[PDB]
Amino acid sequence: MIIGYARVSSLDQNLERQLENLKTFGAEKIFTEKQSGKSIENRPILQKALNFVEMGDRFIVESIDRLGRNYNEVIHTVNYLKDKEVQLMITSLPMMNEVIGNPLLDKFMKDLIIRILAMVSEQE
């Protein structure tokens, strides 16, 4: 199943654009949250989305900053999905899921791509 997670910190932001982007990549169920990205500890709706997905599912966000504004916490969340065998897709960067080289190079490059995006998220 393809699942989306949407987040805005306030209603001023274009939530509808975000929802439309998730739909474009085939999100069948979308969990929508109005909260800051500062912490994962204060986001029950993200926690429901993460508990909802199962092995073989796809978990989609518009950008990694929707998951969180904290590098460490974003990495922890991506690791959770990785462990659960749930594919992460980022609509603003659909290139990320393409295979680069052998299984070693690919996992390493994916690690770096996520870390680059997570770093950008916090740096902003």
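Quick note: we count residues from 1 along the sequence shown, nothing fancier.
Asker: Give the stretch, out of 112-120 and 16-24, with the larger mean C-alpha temperature factor in the deposited entry.
Answerer: Mean CA B-factor is higher for 16-24.
Asker: Mean CA B-factor: is it higher for 37-45 or for 55-63?
Answerer: Per the PDB record, 37-45.
Asker: Using the temperature factors of the C-alpha atoms in this entry, rank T91 within its chain: lowest, middle or highest third.
Answerer: According to the entry, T91 has a C-alpha B-factor in the chain's lowest third.
Asker: Considering only modelled residues of the same chain, in which third does the CA B-factor of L11 rank: lowest, middle or highest?
Answerer: Top third by C-alpha B-factor.
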